[PDB]
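A single chain, nothing else alongside it, follows as structure tokens in the form solved without the DNA.
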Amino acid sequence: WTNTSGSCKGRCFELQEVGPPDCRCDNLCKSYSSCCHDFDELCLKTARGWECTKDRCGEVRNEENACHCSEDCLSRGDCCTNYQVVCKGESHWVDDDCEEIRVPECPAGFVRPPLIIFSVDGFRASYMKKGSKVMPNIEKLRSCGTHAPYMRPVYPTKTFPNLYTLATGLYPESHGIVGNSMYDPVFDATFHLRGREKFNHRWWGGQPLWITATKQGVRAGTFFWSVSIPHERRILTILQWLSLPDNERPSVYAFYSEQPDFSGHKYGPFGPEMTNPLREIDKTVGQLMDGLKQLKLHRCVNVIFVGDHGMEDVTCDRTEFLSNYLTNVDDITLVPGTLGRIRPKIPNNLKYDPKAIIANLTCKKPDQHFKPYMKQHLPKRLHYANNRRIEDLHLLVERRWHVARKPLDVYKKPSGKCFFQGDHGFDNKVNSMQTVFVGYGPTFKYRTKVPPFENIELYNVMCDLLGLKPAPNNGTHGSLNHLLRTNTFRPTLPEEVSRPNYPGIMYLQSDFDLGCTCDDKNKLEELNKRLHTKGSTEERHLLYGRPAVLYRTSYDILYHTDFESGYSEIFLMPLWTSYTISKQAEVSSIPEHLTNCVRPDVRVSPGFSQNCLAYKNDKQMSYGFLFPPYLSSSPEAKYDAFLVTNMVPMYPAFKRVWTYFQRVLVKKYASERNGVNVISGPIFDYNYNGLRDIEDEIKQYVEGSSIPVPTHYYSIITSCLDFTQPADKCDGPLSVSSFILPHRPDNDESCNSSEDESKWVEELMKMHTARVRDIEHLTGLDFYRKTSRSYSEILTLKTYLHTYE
């Protein structure tokens, strides 16, 4: 029970926690119907709108007015944002020339520059191209401050997942807001954007910025705003909070608009009708900046302008129906649209067979506009599996399309058309899904463009801007130091945990009974007294230092003419294998006498080696090599590529992809990039958590052996950003692309796999692009430790994703 009979007079949008028995007058009281009786009539004052006019100047100080143009208002804190322009001859902020802000210029009493986040919903990156012509305030912020060409959202590219990611630095699988809708089988309950369930704290994991702030004694304004509070009132309320006394004023503030998402749904992202809503958002930015100017705060506050996701052309004419593939759509529930999630209509139904469902959904039409995945097979870059609220069966939908359960779910109007022309939610590397980031203020750089970056990285930066220590999150702290003039974070290299051994020859060829045969021999090699010493191997093949191993284990560094490896005695295969291929390198075949050749490695004991007998007994599993024999520098050097310590388990289906990569693509990359350095190796993630497995977690081994089966294989391909220098003699910034390829028994993912590999393997690889950082989590390795670049530059490099968009 609250006593509603109280008043909000001289209390509207107050901040304090007010508790029941007292009625409320804050941001969210409406949501709870717990407002004082006069809130609506008093705090939503709408009369005369939100701008002064020439005739209102001087103004008899009336209290029905939405905002004031009285002689005193700069005193009574209540001015319309344009009061000074219209009534005292000052200029709008946007008409003043950009001036660098080298240090905060703050009134007395301000101890740190405030942070104001201006978040916009569905603001696609390319809307910035509609520039000063339509959005001059925003264009001033963008060109005078620090901007990226775009910011990558998280998957699903919907609003709830993405705002909560912005707030927490976490992937949706970690913070728990994995869609705008979800079902939690432990709560036996469903979360929706509409209604009351969302207000329950049980859904919301992680630690969002306003809590991180509060726990560290830094006051936060409310980030949530009832839908009935108009945009202009949100701005005026921010401005009023900034005028509070020193012991009450917050340091962090957020504004949110539902636009231009709503117009984008209705008209599409390129509809001519999109102009007016963009103009309105710009107007609102200008109200803020004018209000900051009236307060003498426009050279004191750090302003972030950010979006949650983009928008794509999508109409009802472009819908696939599961009823065209499945015999009983009535027994399943589908979360539909720009993604699919399927579960039995009755939870834990024994009749539910996801294998038969996946089979009926797989490559049934030549232009099929979605693709089914078990969630553990989704591209790793999506980080969309490790949560009980994510259904096992997922549909990745093609851009511009929807998936629905059956035709009755689409409502084509008399028109022949639907009401909507725009949607989002698609794969986050899709271009139309990208959004915006601009930072302006004393802490941000002046007239600086920065590379595109992922929204998971912002939380650390907002923390930096506020003097806070971030809660553990998925950002890479220091990757965005290059956005800031100061308050940078000094990151420190993680400590290597296991140090390598450097074994020489400990064994005779006669010590080994691995069941392996090699029907040829390089007799010249046994006369090489320096065989397999470091020599120039490291200089040539390990260009940025050995990866540090950050977990406890036993491994060996192995040197060869063409490659270097870090060989695990625990997993019986390399953790990594590193080599450099010149622009002019020649590709060669595997001679007939060597096709089935595997050689024991006299540096590593029989007992730490694979055996060929296991592979001969595994009816499903074959093997491949991490350094490819195809790229051997000489016939002589080719024999090292057949070492048992270079061998890894591979399904025949995977070998189709891997041979094509090794024999064709690596050289292609070396031609185009003027040499490449490649690091390749295995990944084990049987529990799909994005993190390196411990041994207990590994669930498949080559029959009758302790040889573990990787869930994926990675490769990291580095060269000089300036391609006029060769990979091995690079003086400047680096260029990287990486992959985490799924290690599967079939190519059912690739609809065109019955064809030659030049028709499908590359399309597969582009889908499974990855960040170096993603591989680091999955392997417990740390790359690029010895370079001529700064550590902050390297962290940026490690968070880059090559998108092929």
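Sequential numbering from 1, following the sequence displayed. What we label the rigid core is the largest C-alpha set whose atoms superpose within 1.5 Å from one form to the other.
Discussion item. One third of the other compared structures is the cut-off here: is residue 429 left unmodelled in that many or more?
Written reply: Per the records, residue 429 is modelled in all the other entries.
Discussion item. Given the other compared entries that model the residues flanking it, would you say residue 102 is unmodelled in at least one third?
Written reply: no, residue 102 modelled in all other entries.
Worksheet item: Would 525 to 533 or 478 to 486 have the larger average of its C-alpha temperature factors, as given in the entry?
Response: Here the higher of the two C-alpha B-factor means belongs to 525 to 533.
Worksheet item: Per the entry, where is the mean C-alpha temperature factor higher: 603 to 611 or 456 to 464?
Response: 603 to 611 has the higher mean C-alpha B-factor.
Discussion item. Given 137, 645, 677, 492, identify the residue with the highest C-alpha B factor in the PDB entry.
Written reply: Checking the PDB record, the top C-alpha B-factor among 137, 645, 677, 492 is at 492.
Worksheet item: Which is it among 293, 424, 219, 133: the one with the largest CA B-factor in the entry?
Response: Of 293, 424, 219, 133, 133 has the highest C-alpha B-factor.
Fill in: Entry-reported Cα temperature factor of residue 746, expressed as the chain third it lands in
It falls in the middle third of the chain.
Fill in: Third assignment of residue 65 from its chain's C-alpha B-factors
Highest third.
Practice prompt. Sort the modelled residues of this chain by their C-alpha B factor and say whether residue 623 lands in the lowest, middle or highest third.
Written response: Within its chain, residue 623 is a middle-third residue by C-alpha B-factor, going by the deposited values.
Discussion item. Test of reading the entry: by CA B factor among the chain's modelled residues, which third contains residue 305?
Written reply: Tercile = lowest for this residue's CA B-factor.
Practice prompt. Place residue 250 in the lowest, middle or highest third of its chain's C-alpha B-factors, as listed in the PDB entry.
Written response: For residue 250, the deposited C-alpha B-factor lands in the lowest third.
The form deposited with the DNA bound is left out here; the points below concern that form.
Discussion item. So the DNA isn't shown here. In the bound PDB entry, which residue out of 701, 321, 608, 187 has a non-hydrogen atom within 4.5 Å of it?
Written reply: If I apply the 4.5 Å criterion carefully, the residue I get is 321.
Discussion item. Can you pick out, from 451, 545, 109, 416, the residue that has a heavy atom within 4.5 Å of the DNA in the bound PDB entry?
Written reply: Only one listed residue qualifies here, and that residue is 416.
Discussion item. Please pick out the stretch from 406 to 414, 389 to 397, 482 to 490, 289 to 297 that is in contact with the DNA in the bound PDB entry, where contact means heavy atoms within 4.5 Å.
Written reply: It is 406 to 414 that comes within 4.5 Å of the partner.
Item to complete: Verify the contact flag for residue 708: yes if a non-hydrogen atom of it lies within 4.5 Å of a non-hydrogen atom of the DNA in the bound PDB entry, no if not.
Response: Contact with the DNA, no.
Discussion item. My question is simply whether residue 173 lines the interface with the DNA in the bound PDB entry - judged by any non-hydrogen atom within 4.5 Å.
Written reply: Answer no; every heavy atom of residue 173 is more than 4.5 Å from the DNA in the bound PDB entry.
Worksheet item: Does residue 316 reach the DNA in the bound PDB entry if we count a contact as any heavy atom within 4.5 Å?
Response: It does: once the DNA is placed as it appears in the bound PDB entry, residue 316 has a heavy atom within 4.5 Å of it.
Worksheet entry | 4.5 Å heavy atom contact, residue 652 to the DNA in the bound PDB entry | No, no contact at 4.5 Å.
Worksheet item: Can you tell me which residues in 182 to 197 come within 4.5 angstroms of the DNA in the bound PDB entry, by heavy atoms?
Response: The stretch 182 to 197, when checked against the DNA in the bound PDB entry, contributes 190, 192, 194, 195, 196, 197 at the 4.5 Å heavy-atom cut-off.
Item to complete: Kindly specify the one residue in 202, 102, 616, 413 whose Cα moves by 2 Å or more between this form and the one not shown, with superposition done on the rigid core.
Response: Among the listed residues, the one whose C-alpha moves by 2 Å or more is 413.
Worksheet item: Do residue 354 and residue 409 move together or apart in the bound PDB entry, judged by C-alpha distance changing 3 Å or more?
Response: It is farther: in the bound PDB entry, the C-alpha atoms of residue 354 and residue 409 lie at least 3 Å more apart than they do here.
Worksheet item: Given a CA distance change of at least 3 Å, are residue 414 and residue 319 closer or farther in the bound PDB entry?
Response: So the answer is closer.
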